[PDB]
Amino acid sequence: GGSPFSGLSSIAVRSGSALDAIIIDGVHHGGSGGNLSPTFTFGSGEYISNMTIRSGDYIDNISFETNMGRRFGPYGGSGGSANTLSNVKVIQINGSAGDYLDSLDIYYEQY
C-alpha cells in the first residue's frame, strides 16, 4: 500500500559558468555565487532516467530527463568533459562541496 516516494524528492542548483551549488530537498550544498535554479519537485514514482553531467575539477553542467518526460537543465557552462547516464533510475546524489560543487557521487540502477 501507499504512494511511492524517494529520499531524493526535489532538486535545485546555483550556477554560473560552473556549479556553485546543488540544493537537495531544500538542503544547500555549495556556495552563494551564480543564479538560483527553480526547484524541481519529483512526483510519486518519478525518477531521473537520463542525466548529462559536464565535469572537470568541478561539476560544470547538470541536466536530466525523468521517466515522465520532464526535464531539468542544462544549468551551468560549457567546460569540462561530458558524461551521460542512460536507461537508469537515479537513487542517490552525493558529493563534495565548498564554495562550488567539487564532485558528484551518483547512485543509480543501470537498466
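The first residue of the sequence shown is number 1, and the count goes up from there.
Would you mind comparing 34 to 42 and 55 to 63 for me and telling me which has the higher average C-alpha temperature factor in the entry?
For C-alpha atoms only, the mean B-factor is higher in 55 to 63.
For the C-alpha atoms alone, is the average B factor greater in 95 to 103 or in 19 to 27, going by the entry?
Stretch with the greater average CA B-factor: 95 to 103.
If you rank every modelled residue in this chain by C-alpha B factor, which third holds residue 68: lowest, middle or highest?
It falls in the top third of the chain.
Tell me, lowest, middle or highest third: where does the Cα B factor of residue 74 rank within its chain?
Tercile = lowest for this residue's CA B-factor.
In terms of the CA temperature factor given in the entry, to which third of its chain does residue 85 belong: lowest, middle or highest?
It belongs to the middle third of the chain when residues are ordered by C-alpha B-factor.
Lowest, middle or highest third of the chain for the C-alpha temperature factor of residue 5?
Its C-alpha B-factor belongs to the middle third of this chain's values.
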